[PDB]
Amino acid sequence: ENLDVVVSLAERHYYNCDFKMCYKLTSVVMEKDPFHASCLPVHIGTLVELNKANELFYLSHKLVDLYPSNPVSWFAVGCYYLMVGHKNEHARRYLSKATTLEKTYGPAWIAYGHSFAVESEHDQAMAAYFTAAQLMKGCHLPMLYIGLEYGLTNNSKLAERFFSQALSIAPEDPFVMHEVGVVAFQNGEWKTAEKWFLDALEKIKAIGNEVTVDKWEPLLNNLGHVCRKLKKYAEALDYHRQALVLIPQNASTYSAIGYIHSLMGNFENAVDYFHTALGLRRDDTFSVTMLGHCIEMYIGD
């Protein structure tokens, strides 16, 4: 009947990104104590990662019916409006309703910042992550996100600090490696972008293999950008093809593929991809300006 030992192992499959397992570890604990304060924050995250929009919908809104005192309940419903939305304005409103009900409730500070971090409000997301890193010490996530937010803002030297701190905790985290190559890429260091993206893929692929592709696809899109940038056009195309199998209605991947062709000199075939990308995203600032180069040249045979 002693179950706090579970919430350690289930917490380990969440940091090492083995979600399928962690979830069946928590539903065990959860089958006992649903209002488990230290386990709930975990089983809530795993639904989100797995895309249990269904479970999380029922759960999140229940906790609020019969437990409007525990901050976990607005962390829940907030995490709900974050994975789906786009009631973004709501999320921040619920998650702040948990901080101002127990400011020492770290989990709501990480979800809070994630709400600024998606709307681009870097100053304010940042501040939230630095409050979470105080409330959730030893946890590497808050540090993975301040590092990234630094990278986005040209703090490549402070970005490198928190990436390596987060790596010396959960070194086997594919989302850690990911945002590191992601930042390298922005620095113009395409070469070392290729190596971090590949590494995050072998660990996502063969290792923690289970088709974590849910709520996900990027990685492959990203790799395709690297190889184009590395003039590896031939290897580039390949990665976008697979990003489409994963998300067969993505317009950005169609613009990325048509742009490679135009770098390759295949205009007839490129403009073909530049059409079937405005068919999806009409406001394609880049597909549109490029399509203009392609025709000025058609007027000239």
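In case it trips you up, residue 1 is the first one in the sequence shown, and so on.
Student: Take the C-alpha B-factors listed in the entry for 257 to 265 and for 66 to 74, compute each mean, and give the stretch with the larger one.
Tutor: It is 66 to 74.
Student: Going by the B-factors listed in the PDB entry, is the mean over the C-alpha atoms higher for 92 to 100 or for 194 to 202?
Tutor: It is 92 to 100 that shows the higher mean C-alpha B-factor.
Student: Among the choices 220, 170, 158, 128, identify the one whose CA B-factor in the record is greatest.
Tutor: Among 220, 170, 158, 128, the PDB entry lists the largest C-alpha B-factor for 170.
Student: Quick one: which of 184, 144, 227, 84 has the biggest Cα B-factor according to the entry?
Tutor: 84 has the highest C-alpha B-factor of those listed.
Student: Test of reading the entry: by CA B factor among the chain's modelled residues, which third contains residue 210?
Tutor: Its C-alpha B-factor belongs to the highest third of this chain's values.
Student: Lowest, middle or highest third: which one holds residue 189 when the chain's residues are ordered by CA B-factor from the entry?
Tutor: For residue 189, the deposited C-alpha B-factor lands in the middle third.
Student: By the recorded C-alpha temperature factor, relative to the other modelled residues in its chain, which third is residue 57 in?
Tutor: Within its chain, residue 57 is a lowest-third residue by C-alpha B-factor, going by the deposited values.
Student: Thinking about Cα B factors across the chain, which third does residue 35 belong to?
Tutor: Its C-alpha B-factor belongs to the highest third of this chain's values.
Student: What third of its chain, lowest, middle or highest, does the C-alpha temperature factor of residue 138 fall into?
Tutor: Residue 138: CA B-factor falls in the highest third of its chain.
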